[PDB]
$ cat coords_7.cif   # mmCIF, C-alpha atoms and all ligand atoms
data_start
loop_
_atom_site.label_atom_id
_atom_site.label_comp_id
_atom_site.auth_asym_id
_atom_site.auth_seq_id
_atom_site.Cartn_x
_atom_site.Cartn_y
_atom_site.Cartn_z
CA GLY A 509 -190.11 12.76 -58.66
CA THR A 510 -190.36 9.95 -61.25
CA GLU A 511 -186.74 8.84 -60.38
CA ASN A 512 -187.56 8.47 -56.62
CA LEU A 513 -189.76 5.54 -55.39
CA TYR A 514 -192.50 6.08 -52.72
CA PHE A 515 -193.84 3.83 -49.89
CA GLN A 516 -191.70 0.89 -51.32
CA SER A 517 -189.99 -1.58 -48.89
CA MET A 518 -188.15 -4.99 -48.67
CA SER A 519 -186.73 -7.62 -46.20
CA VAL A 520 -183.19 -9.14 -46.14
CA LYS A 521 -182.54 -11.70 -43.32
CA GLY A 522 -185.61 -10.42 -41.40
CA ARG A 523 -184.23 -6.81 -41.38
CA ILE A 524 -186.55 -4.22 -43.08
CA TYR A 525 -185.18 -1.74 -45.71
CA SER A 526 -186.99 1.30 -47.22
CA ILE A 527 -186.42 1.56 -51.00
CA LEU A 528 -185.54 5.18 -51.88
CA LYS A 529 -184.82 4.70 -55.66
CA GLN A 530 -183.45 2.26 -58.31
CA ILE A 531 -179.81 3.25 -58.99
CA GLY A 532 -178.83 0.41 -61.36
CA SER A 533 -179.82 -2.32 -63.87
CA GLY A 534 -177.98 -4.94 -65.97
CA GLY A 535 -179.20 -8.36 -67.13
CA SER A 536 -181.78 -9.86 -64.71
CA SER A 537 -180.44 -7.57 -61.91
CA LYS A 538 -181.54 -4.29 -60.24
CA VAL A 539 -179.70 -2.06 -57.69
CA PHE A 540 -181.67 0.01 -55.15
CA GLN A 541 -180.67 2.87 -52.81
CA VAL A 542 -182.09 1.75 -49.43
CA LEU A 543 -182.28 2.81 -45.77
CA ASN A 544 -182.31 0.35 -42.84
CA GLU A 545 -184.38 0.83 -39.58
CA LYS A 546 -181.40 2.83 -38.11
CA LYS A 547 -181.56 5.20 -41.22
CA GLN A 548 -178.19 3.93 -42.55
CA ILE A 549 -177.84 4.02 -46.36
CA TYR A 550 -176.97 0.90 -48.44
CA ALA A 551 -177.25 -0.45 -51.98
CA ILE A 552 -179.30 -3.58 -52.25
CA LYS A 553 -178.38 -5.66 -55.29
CA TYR A 554 -181.27 -7.81 -56.44
CA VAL A 555 -180.57 -10.78 -58.76
CA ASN A 556 -183.48 -12.73 -60.35
CA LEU A 557 -182.79 -16.52 -60.49
CA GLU A 558 -186.15 -17.78 -61.96
CA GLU A 559 -184.61 -18.50 -65.45
CA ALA A 560 -181.06 -19.46 -64.17
CA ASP A 561 -179.67 -22.96 -64.94
CA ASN A 562 -177.52 -24.92 -62.35
CA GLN A 563 -174.25 -23.70 -63.94
CA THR A 564 -175.41 -19.98 -63.57
CA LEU A 565 -176.68 -20.59 -59.98
CA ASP A 566 -173.27 -22.05 -59.14
CA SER A 567 -171.49 -18.98 -60.70
CA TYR A 568 -173.55 -16.68 -58.36
CA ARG A 569 -172.94 -18.88 -55.26
CA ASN A 570 -169.18 -18.88 -56.08
CA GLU A 571 -169.00 -15.11 -56.56
CA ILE A 572 -170.91 -14.46 -53.22
CA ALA A 573 -168.54 -16.87 -51.32
CA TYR A 574 -165.47 -15.06 -52.75
CA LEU A 575 -166.89 -11.51 -52.14
CA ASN A 576 -167.80 -12.39 -48.54
CA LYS A 577 -164.31 -13.84 -47.95
CA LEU A 578 -162.04 -11.27 -49.76
CA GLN A 579 -163.66 -8.19 -48.21
CA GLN A 580 -161.74 -8.91 -44.96
CA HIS A 581 -158.56 -8.90 -47.20
CA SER A 582 -158.77 -5.34 -48.62
CA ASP A 583 -160.91 -2.22 -48.11
CA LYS A 584 -160.60 -1.64 -51.92
CA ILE A 585 -163.30 -4.32 -52.40
CA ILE A 586 -166.97 -3.28 -51.87
CA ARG A 587 -168.49 -4.22 -48.47
CA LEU A 588 -171.03 -7.04 -48.49
CA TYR A 589 -172.84 -6.62 -45.16
CA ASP A 590 -175.43 -9.36 -45.66
CA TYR A 591 -177.25 -11.43 -48.29
CA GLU A 592 -180.30 -13.65 -48.67
CA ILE A 593 -180.09 -16.63 -51.06
CA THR A 594 -183.19 -18.56 -52.16
CA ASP A 595 -184.10 -20.51 -55.32
CA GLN A 596 -186.01 -17.44 -56.68
CA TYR A 597 -183.51 -14.59 -55.95
CA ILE A 598 -180.41 -13.10 -54.29
CA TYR A 599 -180.62 -9.86 -52.22
CA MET A 600 -177.13 -8.49 -51.43
CA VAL A 601 -176.81 -5.66 -48.81
CA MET A 602 -173.83 -3.61 -50.04
CA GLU A 603 -171.86 -0.42 -49.42
CA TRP A 604 -173.41 2.70 -50.98
CA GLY A 605 -171.38 4.96 -53.27
CA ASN A 606 -172.19 8.40 -54.67
CA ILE A 607 -171.06 7.55 -58.24
CA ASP A 608 -169.20 4.87 -60.25
CA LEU A 609 -165.85 5.57 -62.01
CA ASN A 610 -167.48 5.40 -65.53
CA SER A 611 -170.04 8.19 -64.82
CA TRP A 612 -167.45 10.23 -62.99
CA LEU A 613 -164.86 10.00 -65.87
CA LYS A 614 -167.67 11.22 -68.23
CA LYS A 615 -168.38 14.32 -66.01
CA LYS A 616 -164.76 15.43 -65.20
CA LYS A 617 -163.17 17.11 -68.31
CA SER A 618 -159.81 17.20 -66.39
CA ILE A 619 -158.65 14.88 -63.58
CA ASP A 620 -156.10 15.97 -60.93
CA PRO A 621 -152.79 13.97 -61.25
CA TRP A 622 -152.87 13.31 -57.43
CA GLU A 623 -156.49 12.03 -57.74
CA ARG A 624 -155.62 9.94 -60.83
CA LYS A 625 -152.66 8.36 -58.92
CA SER A 626 -154.73 7.67 -55.75
CA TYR A 627 -157.34 5.97 -58.04
CA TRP A 628 -154.63 3.85 -59.72
CA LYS A 629 -153.38 2.62 -56.28
CA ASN A 630 -156.98 1.65 -55.28
CA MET A 631 -157.54 -0.35 -58.48
CA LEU A 632 -154.10 -2.10 -58.17
CA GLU A 633 -154.77 -3.10 -54.49
CA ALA A 634 -158.32 -4.45 -55.39
CA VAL A 635 -157.13 -6.50 -58.44
CA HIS A 636 -153.98 -7.66 -56.62
CA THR A 637 -156.21 -9.12 -53.84
CA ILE A 638 -158.43 -11.15 -56.23
CA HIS A 639 -155.32 -12.46 -58.12
CA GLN A 640 -153.89 -13.70 -54.76
CA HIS A 641 -156.98 -15.99 -54.52
CA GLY A 642 -156.73 -17.17 -58.14
CA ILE A 643 -159.36 -14.81 -59.61
CA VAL A 644 -158.76 -12.99 -62.90
CA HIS A 645 -161.72 -10.54 -63.41
CA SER A 646 -161.22 -10.59 -67.26
CA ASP A 647 -163.90 -7.83 -67.84
CA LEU A 648 -162.59 -4.71 -65.97
CA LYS A 649 -163.88 -1.33 -67.08
CA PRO A 650 -164.47 1.94 -65.06
CA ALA A 651 -168.14 0.83 -64.42
CA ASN A 652 -166.70 -1.95 -62.10
CA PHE A 653 -165.34 0.69 -59.64
CA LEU A 654 -167.53 2.55 -57.19
CA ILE A 655 -166.37 5.85 -55.66
CA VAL A 656 -167.04 5.71 -51.83
CA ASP A 657 -165.63 8.81 -50.05
CA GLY A 658 -163.01 9.48 -52.74
CA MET A 659 -161.82 5.86 -52.62
CA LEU A 660 -162.44 3.31 -55.41
CA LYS A 661 -164.01 -0.04 -54.55
CA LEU A 662 -164.13 -3.00 -56.91
CA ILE A 663 -167.86 -4.00 -57.27
CA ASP A 664 -167.57 -7.55 -58.69
CA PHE A 665 -165.03 -10.38 -59.49
CA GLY A 666 -166.33 -11.33 -62.97
CA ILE A 667 -167.17 -14.90 -61.72
CA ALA A 668 -170.99 -14.90 -62.15
CA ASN A 669 -172.57 -15.45 -65.60
CA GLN A 670 -174.43 -12.31 -66.84
CA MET A 671 -178.04 -13.33 -67.69
CA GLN A 672 -179.45 -12.18 -71.10
CA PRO A 673 -182.84 -10.38 -70.53
CA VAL A 684 -173.90 -3.88 -73.87
CA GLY A 685 -170.30 -4.97 -73.40
CA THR A 686 -167.55 -2.75 -74.75
CA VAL A 687 -164.44 -4.18 -76.40
CA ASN A 688 -162.32 -1.07 -75.75
CA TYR A 689 -160.74 -2.71 -72.62
CA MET A 690 -160.28 -6.19 -74.16
CA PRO A 691 -156.67 -7.57 -74.26
CA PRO A 692 -155.19 -8.92 -77.55
CA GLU A 693 -154.89 -12.50 -76.11
CA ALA A 694 -158.68 -12.49 -75.36
CA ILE A 695 -159.39 -11.57 -79.06
CA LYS A 696 -156.94 -14.35 -80.26
CA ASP A 697 -159.04 -17.06 -78.40
CA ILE A 711 -157.14 -16.67 -68.57
CA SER A 712 -153.98 -14.91 -67.18
CA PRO A 713 -153.60 -12.11 -64.47
CA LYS A 714 -151.88 -10.05 -67.27
CA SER A 715 -155.31 -9.80 -69.05
CA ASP A 716 -156.46 -7.60 -66.12
CA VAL A 717 -153.18 -5.50 -66.42
CA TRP A 718 -154.13 -4.58 -70.02
CA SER A 719 -157.71 -3.55 -68.98
CA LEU A 720 -156.47 -1.46 -66.01
CA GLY A 721 -153.95 0.13 -68.46
CA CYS A 722 -156.87 1.25 -70.69
CA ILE A 723 -158.63 2.79 -67.60
CA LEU A 724 -155.45 4.75 -66.63
CA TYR A 725 -154.91 5.73 -70.33
CA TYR A 726 -158.53 7.20 -70.24
CA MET A 727 -157.63 9.10 -66.97
CA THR A 728 -154.41 10.38 -68.70
CA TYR A 729 -155.42 11.18 -72.34
CA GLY A 730 -159.25 11.48 -71.97
CA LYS A 731 -159.99 8.44 -74.19
CA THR A 732 -159.28 4.67 -74.40
CA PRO A 733 -156.30 3.67 -76.70
CA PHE A 734 -158.58 2.59 -79.63
CA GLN A 735 -161.68 4.82 -78.95
CA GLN A 736 -161.07 6.76 -82.24
CA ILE A 737 -161.81 3.58 -84.35
CA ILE A 738 -165.59 3.42 -85.19
CA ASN A 739 -165.69 -0.08 -86.87
CA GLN A 740 -165.48 -2.86 -84.19
CA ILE A 741 -163.76 -5.42 -86.54
CA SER A 742 -161.15 -2.73 -87.46
CA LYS A 743 -160.80 -2.05 -83.67
CA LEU A 744 -160.35 -5.85 -82.96
CA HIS A 745 -157.68 -6.17 -85.68
CA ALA A 746 -156.02 -2.93 -84.30
CA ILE A 747 -155.76 -4.39 -80.74
CA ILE A 748 -153.91 -7.56 -82.10
CA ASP A 749 -151.85 -5.88 -84.97
CA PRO A 750 -148.16 -5.55 -83.82
CA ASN A 751 -147.57 -2.83 -86.50
CA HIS A 752 -150.44 -0.64 -85.13
CA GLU A 753 -148.42 1.67 -82.84
CA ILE A 754 -150.34 3.01 -79.76
CA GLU A 755 -149.76 6.80 -79.35
CA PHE A 756 -148.37 7.91 -75.97
CA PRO A 757 -148.21 11.80 -76.17
CA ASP A 758 -145.48 13.32 -73.94
CA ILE A 759 -146.70 14.42 -70.50
CA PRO A 760 -145.00 16.02 -67.40
CA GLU A 761 -145.32 12.61 -65.60
CA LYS A 762 -142.69 10.37 -67.28
CA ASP A 763 -143.32 7.64 -64.62
CA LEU A 764 -147.04 7.68 -65.73
CA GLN A 765 -146.04 7.41 -69.41
CA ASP A 766 -143.82 4.36 -68.56
CA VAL A 767 -146.72 2.64 -66.65
CA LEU A 768 -149.05 3.05 -69.68
CA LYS A 769 -146.41 1.73 -72.16
CA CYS A 770 -145.78 -1.30 -69.83
CA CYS A 771 -149.49 -2.18 -69.31
CA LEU A 772 -150.26 -1.95 -73.06
CA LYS A 773 -147.65 -4.47 -74.34
CA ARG A 774 -149.47 -6.94 -76.70
CA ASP A 775 -147.42 -9.97 -75.51
CA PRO A 776 -148.78 -10.82 -72.00
CA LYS A 777 -145.35 -12.40 -71.19
CA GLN A 778 -143.63 -9.00 -71.78
CA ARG A 779 -146.47 -6.90 -70.12
CA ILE A 780 -145.85 -5.65 -66.54
CA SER A 781 -147.23 -7.70 -63.55
CA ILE A 782 -149.38 -6.34 -60.63
CA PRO A 783 -146.56 -6.93 -57.98
CA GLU A 784 -144.16 -5.08 -60.42
CA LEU A 785 -146.66 -2.16 -60.85
CA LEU A 786 -147.00 -1.83 -57.02
CA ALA A 787 -143.23 -1.19 -56.73
CA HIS A 788 -143.16 1.17 -59.80
CA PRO A 789 -141.83 4.78 -59.23
CA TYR A 790 -145.25 6.13 -60.39
CA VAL A 791 -146.92 4.52 -57.32
CA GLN A 792 -143.93 4.83 -54.86
CA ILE A 793 -141.93 7.98 -55.58
CA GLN A 794 -143.50 11.12 -53.99
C1 LIG B 801 -176.79 -4.98 -61.19
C2 LIG B 801 -175.86 -4.80 -62.34
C3 LIG B 801 -174.51 -5.50 -62.22
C4 LIG B 801 -174.35 -6.78 -62.74
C5 LIG B 801 -173.09 -7.34 -62.88
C6 LIG B 801 -171.96 -6.63 -62.50
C7 LIG B 801 -172.07 -5.36 -61.95
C8 LIG B 801 -170.79 -4.59 -61.65
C9 LIG B 801 -170.44 -3.50 -62.64
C10 LIG B 801 -173.36 -4.83 -61.78
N1 LIG B 801 -173.58 -3.62 -61.07
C11 LIG B 801 -173.61 -3.50 -59.71
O1 LIG B 801 -173.44 -4.44 -58.94
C12 LIG B 801 -173.84 -2.10 -59.23
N2 LIG B 801 -174.13 -1.13 -60.10
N3 LIG B 801 -174.22 0.02 -59.39
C13 LIG B 801 -174.55 1.25 -60.11
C14 LIG B 801 -173.97 -0.21 -58.02
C15 LIG B 801 -173.74 -1.56 -57.88
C16 LIG B 801 -173.47 -2.21 -56.55
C17 LIG B 801 -173.16 -1.22 -55.41
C18 LIG B 801 -173.55 0.22 -55.65
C19 LIG B 801 -173.55 1.17 -54.65
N4 LIG B 801 -173.82 2.47 -54.83
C20 LIG B 801 -174.10 2.84 -56.09
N5 LIG B 801 -174.37 4.14 -56.41
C21 LIG B 801 -174.37 4.85 -57.65
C22 LIG B 801 -173.74 4.35 -58.79
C23 LIG B 801 -173.74 5.08 -59.97
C24 LIG B 801 -174.39 6.31 -60.05
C25 LIG B 801 -174.57 6.95 -61.39
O2 LIG B 801 -174.61 6.28 -62.42
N6 LIG B 801 -174.70 8.29 -61.42
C26 LIG B 801 -174.83 9.04 -62.67
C27 LIG B 801 -174.30 10.46 -62.52
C28 LIG B 801 -174.52 11.25 -63.81
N7 LIG B 801 -175.94 11.28 -64.17
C29 LIG B 801 -176.16 12.11 -65.36
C30 LIG B 801 -176.42 9.92 -64.41
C31 LIG B 801 -176.28 9.05 -63.15
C32 LIG B 801 -174.96 6.86 -58.90
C33 LIG B 801 -174.93 6.15 -57.71
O3 LIG B 801 -175.39 6.78 -56.55
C34 LIG B 801 -176.68 7.06 -56.35
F1 LIG B 801 -177.14 6.31 -55.38
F2 LIG B 801 -176.72 8.30 -55.94
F3 LIG B 801 -177.51 6.97 -57.36
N8 LIG B 801 -174.13 2.02 -57.15
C35 LIG B 801 -173.88 0.72 -56.92
#

$ encode --input "coords_7.cif" --output "structure tokens"
Amino acid sequence: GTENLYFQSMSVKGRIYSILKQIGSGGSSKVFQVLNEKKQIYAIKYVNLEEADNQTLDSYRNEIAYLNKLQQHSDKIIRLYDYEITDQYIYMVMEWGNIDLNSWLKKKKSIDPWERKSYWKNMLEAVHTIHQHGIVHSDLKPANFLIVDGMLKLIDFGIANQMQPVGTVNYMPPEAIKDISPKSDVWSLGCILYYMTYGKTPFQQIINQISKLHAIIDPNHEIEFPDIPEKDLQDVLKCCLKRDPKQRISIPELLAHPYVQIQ
């Protein structure tokens, strides 16, 4: 009713799209569920550039170049079918998903270990691909993963500068708080998998943000890893959540880990 839009429409590279409903918003951006002339479903991401400075415009141009390139490198990265860039906006014709990983983790009280593992593999493949091109996301959270036919797709690369018209610290690595390295993404992914394992992020129980920030960097604040039937899973978590990035496990090391390899 009030969630669904009527008689609305838009053009991207001359091709006409019917706007069904608005499925997202963040900053000066909107995401719409659309149909093309062939009745195929897509997500059009609209970005408003009217108040963007040259540095911000460049951050959007750089992210689009990378997303259009790296999609041929891994199916764990969202499809970018087409885009229209002008001085006033960006319209990006993307792959449509039923739900994002944040919303889905909020619904599901219990996640299947086979499903949790499949999800882990998808996230590792997506992040591994962007690291191979010199990109460290540095702001990974479950909201950055779209579920498309039971498979996770990474939505963005963290390159673009979010425009102020919020951001959780729960996934922030200790080295980020101290101030960049692929290991920063390993910590954040670790927090996502810890949520899929224990039903919460490692520091979710701490209400005060400053207490939480000191808890992430404190070497004497021991992170609890309750015993679970999957000992390989427990080892992954312990290895991702090492406060020294130099001692923390690497993505190529995680891809050869028994948790991901041993049936
Ligand atoms: C534009 C904002 C932005 C800026 C910077 C960075 C990023 C990446 C995170 C982004 N954000 C984005 O770029 C972005 N945000 N969303 C939400 C989508 C995108 C791009 C592709 C895309 C494709 N399909 C979807 N679909 C849906 C995504 C999430 C939900 C959802 O939240 N469902 C909830 C279920 C529970 N109930 C109670 C509440 C709703 C439902 C969806 O499917 C639908 F079509 F059916 F609706 N979303 C997106």

$ residues_near_ligand --input "coords_7.cif" --ligand "ligand LIG 801 (chain B)" --cutoff "8 Å" --atoms "only C-alpha atoms and all ligand atoms" --output "PyMOL selection string"
chain A and resi 529-541+550-555+586+602-608+610-612+615+651-654+663-664+666+668+670

$ atom_distance --input "coords_7.cif" --atom1 "CA of residue 565 in chain A" --atom2 "CA of residue 595 in chain A"
8.8 Å

$ residues_around --input "coords_7.cif" --residues "residue 642 in chain A" --least-positions-apart "4" --cutoff "12 Å" --atoms "all atoms listed in the file" --output "ChimeraX atom specification"
/A:574,578,635-638,665,667,711-713

$ closest_residue --input "coords_7.cif" --among "A:633, A:545, A:559, A:761" --to "residue 673 in chain A" --atoms "only C-alpha atoms"
A:559

$ residues_around --input "coords_7.cif" --residues "residue 544 in chain A" --least-positions-apart "3" --cutoff "10 Å" --atoms "all atoms listed in the file" --output "VMD selection string"
chain A and resid 517 to 519 523 to 527 547 to 550

$ residues_near_point --input "coords_7.cif" --point "(-150.0, -8.4, -61.8)" --cutoff "9 Å" --atoms "only C-alpha atoms" --output "NGL selection string"
:A and (632 or 635-636 or 639 or 713-714 or 716-717 or 780-786)

$ atom_distance --input "coords_7.cif" --atom1 "CA of residue 747 in chain A" --atom2 "CA of residue 725 in chain A"
14.5 Å

$ closest_residue --input "coords_7.cif" --among "A:772, A:715, A:696, A:671" --to "residue 733 in chain A" --atoms "all atoms listed in the file"
A:772

$ atom_distance --input "coords_7.cif" --atom1 "CA of residue 593 in chain A" --atom2 "CA of residue 569 in chain A"
8.6 Å

$ closest_residue --input "coords_7.cif" --among "A:687, A:542, A:598, A:720" --to "residue 634 in chain A" --atoms "only C-alpha atoms"
A:720

$ residues_around --input "coords_7.cif" --residues "residue 768 in chain A" --least-positions-apart "2" --cutoff "9 Å" --atoms "all atoms listed in the file" --output "list in words"
residues 721, 722, 724, 725, 756, 763, 764, 765, 766, 770, 771, 772 and 773 of chain A

$ residues_around --input "coords_7.cif" --residues "residue 775 in chain A" --least-positions-apart "4" --cutoff "10 Å" --atoms "all atoms listed in the file" --output "short mmCIF file (atom, residue, chain, number, x, y, z; two decimals) with C-alpha atoms, in the frame of the given file"
data_model
loop_
_atom_site.label_atom_id
_atom_site.label_comp_id
_atom_site.auth_asym_id
_atom_site.auth_seq_id
_atom_site.Cartn_x
_atom_site.Cartn_y
_atom_site.Cartn_z
CA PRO A 691 -156.67 -7.57 -74.26
CA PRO A 692 -155.19 -8.92 -77.55
CA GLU A 693 -154.89 -12.50 -76.11
CA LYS A 714 -151.88 -10.05 -67.27
CA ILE A 748 -153.91 -7.56 -82.10
CA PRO A 750 -148.16 -5.55 -83.82
CA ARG A 779 -146.47 -6.90 -70.12
#

$ decode --input "coords_7.cif" --residues "range 562-575 of chain A" --atoms "N, CA and C atoms" --output "mmCIF file, in the first residue's frame"
data_model
loop_
_atom_site.group_PDB
_atom_site.id
_atom_site.type_symbol
_atom_site.label_atom_id
_atom_site.label_comp_id
_atom_site.auth_asym_id
_atom_site.auth_seq_id
_atom_site.Cartn_x
_atom_site.Cartn_y
_atom_site.Cartn_z
ATOM 1 N N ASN A 562 34.688 17.827 -5.452
ATOM 2 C CA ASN A 562 35.495 17.055 -6.418
ATOM 3 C C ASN A 562 36.123 15.789 -5.843
ATOM 4 N N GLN A 563 36.533 15.833 -4.568
ATOM 5 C CA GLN A 563 37.115 14.698 -3.862
ATOM 6 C C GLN A 563 36.072 13.545 -3.737
ATOM 7 N N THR A 564 34.805 13.883 -3.371
ATOM 8 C CA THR A 564 33.672 12.959 -3.214
ATOM 9 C C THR A 564 33.259 12.385 -4.574
ATOM 10 N N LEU A 565 33.210 13.235 -5.620
ATOM 11 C CA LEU A 565 32.888 12.821 -6.993
ATOM 12 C C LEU A 565 33.914 11.810 -7.472
ATOM 13 N N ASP A 566 35.187 12.079 -7.190
ATOM 14 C CA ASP A 566 36.258 11.152 -7.531
ATOM 15 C C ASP A 566 36.146 9.804 -6.799
ATOM 16 N N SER A 567 35.674 9.808 -5.528
ATOM 17 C CA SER A 567 35.533 8.604 -4.709
ATOM 18 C C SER A 567 34.419 7.689 -5.257
ATOM 19 N N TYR A 568 33.383 8.301 -5.893
ATOM 20 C CA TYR A 568 32.260 7.614 -6.534
ATOM 21 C C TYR A 568 32.660 7.050 -7.882
ATOM 22 N N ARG A 569 33.415 7.827 -8.678
ATOM 23 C CA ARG A 569 33.953 7.424 -9.984
ATOM 24 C C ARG A 569 34.927 6.246 -9.831
ATOM 25 N N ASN A 570 35.737 6.265 -8.744
ATOM 26 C CA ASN A 570 36.709 5.235 -8.439
ATOM 27 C C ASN A 570 36.014 3.952 -8.017
ATOM 28 N N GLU A 571 34.988 4.054 -7.156
ATOM 29 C CA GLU A 571 34.256 2.889 -6.717
ATOM 30 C C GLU A 571 33.514 2.212 -7.894
ATOM 31 N N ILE A 572 32.883 2.989 -8.803
ATOM 32 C CA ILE A 572 32.156 2.470 -9.974
ATOM 33 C C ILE A 572 33.111 1.726 -10.930
ATOM 34 N N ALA A 573 34.311 2.283 -11.163
ATOM 35 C CA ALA A 573 35.355 1.698 -12.015
ATOM 36 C C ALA A 573 35.771 0.342 -11.476
ATOM 37 N N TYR A 574 36.034 0.267 -10.151
ATOM 38 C CA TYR A 574 36.408 -0.957 -9.457
ATOM 39 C C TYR A 574 35.298 -1.999 -9.454
ATOM 40 N N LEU A 575 34.032 -1.595 -9.151
ATOM 41 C CA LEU A 575 32.878 -2.508 -9.146
ATOM 42 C C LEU A 575 32.601 -3.062 -10.544
#
